[PDB]
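Novice: Opening piece of a complex, kept in its complex position:
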Amino acid sequence: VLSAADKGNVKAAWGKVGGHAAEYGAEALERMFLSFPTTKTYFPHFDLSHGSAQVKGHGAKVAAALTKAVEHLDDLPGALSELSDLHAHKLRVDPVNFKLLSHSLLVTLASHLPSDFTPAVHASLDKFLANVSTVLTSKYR
Amino acid sequence: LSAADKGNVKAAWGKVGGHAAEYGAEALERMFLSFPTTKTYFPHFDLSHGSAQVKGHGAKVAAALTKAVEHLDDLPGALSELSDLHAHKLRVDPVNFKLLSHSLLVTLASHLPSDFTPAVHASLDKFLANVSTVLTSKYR
């Protein structure tokens, strides 16, 4: 559960990400597949060769989903109900992968925003993603 | 937490009833015996076999849990004062919470075997996890 301070930090951080959401979304997965090879097994149908057009088209989806979550921080379950339908009941994704993606995402945001990625924000986004992760792993319908 | 989860946890804790005090005392003794590193959070306590302290303390936990079961929709609000302690003051490692979660689920299994169905097992685990997350969060 987030503080008002946690929610301010998150909202500000994504206000600095801006249009580069798709760029970091795509970079996050690129990093995930390379850093942790096991996460490729959920994507046997994907093109995973360095600089894939599919990964870049898909990375934009993830970042478009996280940007909705920011708009509705007081209702993460209601906003992300359809994504729990997929990641939890359908794909049945192991929650440990969610830690790996969030880590790969947090690294991405750190490299591009070293001026805005302060320890105070670091904690807040870590909590934020672990709350999105909890929603997508839980069967609540 | 689903609608069946909320119902299961209520029904389970209702079957617990007035026994909760003893179960809170067992859930403790079972933790301090199984995972001896947790005994470091209670240095001032007398952790002997069947303590007056431990038994009296287990009563506080179960009572506060009962409050959590009655406040399933707003756990952050109800457990706001417990978070102040466990998160801000005590600075407890989250793995200990999972260890109490597992210890308590043993106590409820042995004592209530007819009621501890796989459906209810999954619900109580999902409830304690969500309570643990509240208590290890600094939302002030």
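Specialist: Received, thanks. Numbers count the residues shown, from 1 in each chain, chains lettered A, B, ... in the order given.

Novice: And the residue nearest to residue A:38 when sequence neighbours are not counted, how close does it get to residue A:66?
Specialist: The shortest distance from residue A:38 to any non-neighbouring residue, by Cβ to Cβ, 6 or more residues apart in numbering or on different chains, is to residue A:97 (7.9 Å). No exception for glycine: its C-beta is placed from N, CA and C like everyone else's. The gap separating residue A:97 from residue A:66 is 16 Å, by Cβ to Cβ, to the nearest Å.

Novice: Out of these two, name the residue with the larger neighbour count.
Specialist: Remark: of residue A:97 and residue A:66, residue A:66 carries more neighbours, 21 against 18, as counted by other Cβ atoms under 10 Å in any protein chain shown.

Novice: and the closest residue to the more buried one other than its chain neighbours, what does it touch?
Specialist: Spatial nearest neighbour of residue A:66, chain neighbours left out: residue A:132 (7.0 Å); criterion: Cβ to Cβ, 6+ apart. Counting by Cβ atoms under 8 Å, 6 or more residues apart in numbering or on different chains, residue A:132 makes contact with A:66, A:69, A:76, A:80.

Novice: What lies in contact with whichever strand or helix holds the second one?
Specialist: Taking DSSP states H and E as the definition, one finds residue A:69 inside helix A:53-71. Helix A:53-71 has contacts (Cβ under 8 Å, 6+ apart) with A:10-11, A:14, A:21-30, A:46-48, A:76, A:79-80, A:83, A:128, A:132.

Novice: Show me which residues of chain A sit near chain B.
Specialist: Residues of chain A found near chain B (Cβ under 8 Å from any Cβ of the partner chain) are A:1-3, A:6, A:127, A:134, A:138-141.

Novice: if you set the cut-off to 6 Å instead, what comes out?
Specialist: With the criterion set to Cβ under 6 Å from any Cβ of the partner chain, chain A comes near chain B through A:1, A:3, A:140.

Novice: Return the members of the residues you listed classed as buried.
Specialist: Neighbour-count burial (16 or more other Cβ atoms under 10 Å in any protein chain shown) applied to the residues of chain A next to chain B gives residue A:1.

Novice: Count the residues that sit near residue A:12.
Specialist: Residues near residue A:12, counting by other Cβ under 10 Å, number 12.

Novice: include chain C too:
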Amino acid sequence: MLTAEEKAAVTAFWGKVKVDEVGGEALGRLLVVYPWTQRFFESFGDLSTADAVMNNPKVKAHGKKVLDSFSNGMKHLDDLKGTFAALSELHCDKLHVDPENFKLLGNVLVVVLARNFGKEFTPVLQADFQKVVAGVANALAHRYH
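Specialist: Placing chain C onto the earlier chains gives this:
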């Protein structure tokens, strides 16, 4: 690992355990309580409701096998690394089972023991089995360690 006194009583209690009945319940409850583990058993048929899971013939038939590997490892408590060496290599290269999930099953097995034995599964008798299921847990993750 266990000592002499811890070992002798852990063996005594295990004798009273019914291999067939405990295995199916544990694997079932693993799939019910932790439902992300169901992806690994897609071939097993139907997994929609908890009742379909707890009565699935393939699930129950396989739970018996895992408990037989557990009974075997109980006889070789002096060396669990070598006993679970084979299955360890299986869960990595062929299955990609995360080492964290072994902790959950070890814990489920313990809860399953406690339900079926109530008070007879004493708090001390539990703690000794917590060393076993954790001792096994490390042996299946020795490729990741």
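
Novice: once more on the contacts of residue A:132, with chain C this time?
Specialist: Applying Cβ atoms under 6 Å, 6 or more residues apart in numbering or on different chains, we find residue A:132 in contact with residue A:69.

Novice: For residue A:107, give me its contacts.
Specialist: Under the criterion of Cβ under 6 Å, 6+ apart, residue A:107 has no neighbours.

Novice: again, 10 Å this time
Specialist: Taking Cβ atoms under 10 Å, 6 or more residues apart in numbering or on different chains as the criterion, residue A:107 is in contact with A:27-28, A:31-32, A:35.

Novice: cool, and residue C:118?
Specialist: Shown in contact with residue C:118 (Cβ under 10 Å, 6+ apart): B:109-113.

Novice: How far off centre is stretch A:34-49?
Specialist: Stretch A:34-49 sits 16 Å away from the centroid of its parent chain (Cα atoms, centre = their mean, to the nearest Å).

Novice: What distance separates the opening and closing residues of that stretch?
Specialist: Criterion Cα to Cα, to the nearest Å; first-to-last residue distance in stretch A:34-49 is 10 Å.

Novice: residues of it that come out buried?
Specialist: Across stretch A:34-49, burial judged by 16+ other Cβ under 10 Å covers A:36, A:38-39, A:42.

Novice: The residues you listed: which ones sit near chain C?
Specialist: The residues of these that also fall near chain C, by Cβ under 10 Å from any Cβ of the partner chain, are A:38-39, A:42.

Novice: List just the nearest of those to residue C:9.
Specialist: When those are compared for distance to residue C:9 (Cβ to Cβ), residue A:38 comes out closest, at 39.4 Å.

Novice: so does whichever strand or helix holds residue C:67 get close to chain A?
Specialist: Residue C:67 belongs to helix C:57-75 when assigned by DSSP H and E. No - judged by Cβ under 10 Å from any Cβ, helix C:57-75 stays clear of chain A, getting no closer than 15.4 Å.

Novice: For the helix or strand immediately after that helix in the chain, report the contacting residues that lie outside it.
Specialist: Going down the chain from helix C:57-75, the next helix or strand is helix C:80-83, by DSSP H and E. Helix C:80-83 is contacted from outside by C:1, C:69, C:72-77, C:88, C:132, C:135-140, C:142, C:145, using Cβ under 10 Å, 6+ apart.

Novice: And these, which of them are buried?
Specialist: C:69, C:73-74, C:77, C:88, C:132, C:135-140, C:142.

Novice: Kindly incorporate the sequence below as chain D:
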Amino acid sequence: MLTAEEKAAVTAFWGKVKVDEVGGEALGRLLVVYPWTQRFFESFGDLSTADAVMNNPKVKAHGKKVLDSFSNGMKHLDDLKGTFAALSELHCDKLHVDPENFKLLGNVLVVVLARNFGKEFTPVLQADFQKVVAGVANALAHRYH
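Specialist: Adding chain D to the chains above:
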């Protein structure tokens, strides 16, 4: 752990790393992002806010001591278990630190390294480091598993 090609770029990059600046930042964030870690440093002073944790002098001075032992492990890459047997024993037998927390610090290090180097720290170069931290963490958790 690493291959011969994966040893070269991991070491060449490591020489560019400032062991004081990064050390005091990685440990700083460990106590902010993961607040329950503050419990191990009660003697260290004021760790109330994100400002205090980052500007604590004992924090920063102890921060380098970690990265120096990390820098020590960069040379003895094959025998990490042997190099960290002294520090693996100390952290559990005395300091009772949970082996899961080790994984977090190797994680925080990468994030700080990416923050300090930006594009110079590439997806491929990160991948090699993710194994390094996952080897050092596992070497420090050796007394458990």
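
Novice: again for the buried residues of stretch A:34-49, since chain D is there now?
Specialist: Using 16+ other Cβ under 10 Å as the test for burial, stretch A:34-49 gives A:34-36, A:38-39, A:42.

Novice: Do that stretch and chain D come into contact?
Specialist: Yes - counting by Cβ under 10 Å from any Cβ, chain D has neighbours in stretch A:34-49: A:34-37.

Novice: need the helices for chain C, in chain order.
Specialist: C:4-15, C:19-33, C:50-54, C:57-75, C:80-83, C:85-93, C:100-115, C:123-139 (DSSP state H).

Novice: Out of those, the one nearest chain D is which?
Specialist: Closest to chain D of the helices of chain C is helix C:123-139 (Cβ to the nearest Cβ; 4.2 Å).

Novice: The closest one vs helix C:100-115, what angle?
Specialist: 160 degrees (axes from the mean of the first three to the mean of the last three Cα atoms, to 10 degrees).

Novice: Chain D contacts on chain C?
Specialist: Within chain C, the positions lying close to chain D (Cβ under 10 Å from any Cβ) are C:81, C:99-100, C:134-135, C:137-139, C:141-142, C:144-145.

Novice: let's go with 7 Å and repeat that
Specialist: Neighbours of chain D within chain C, by Cβ under 7 Å from any Cβ of the partner chain: C:138, C:141, C:145.

Novice: what residues are up against residue A:109?
Specialist: By Cβ atoms under 7 Å, 6 or more residues apart in numbering or on different chains, the contact list for residue A:109 reads A:24, A:117.

Novice: at 6 Å what do you get?
Specialist: Going by Cβ under 6 Å, 6+ apart, residue A:109 touches residue A:117.

Novice: Excluding covalently adjacent residues, which one is nearest to residue C:129?
Specialist: Distance criterion Cβ to Cβ, 6+ apart; nearest residue to residue C:129, sequence neighbours excluded, is residue C:110 at 5.9 Å.

Novice: That neighbour: neighbour count?
Specialist: By other Cβ under 10 Å, 22 other residues sit near residue C:110.

Novice: repeat for residue C:48
Specialist: By other Cβ under 10 Å, neighbour count at residue C:48 equals 9.

Novice: what does the one 3 residues further on give?
Specialist: A count of neighbours around residue C:51, defined by other Cβ under 10 Å, yields 13.

Novice: ok, now how distant is it from residue C:38?
Specialist: Taken as Cβ to Cβ, the span from residue C:51 to residue C:38 is 14 Å.
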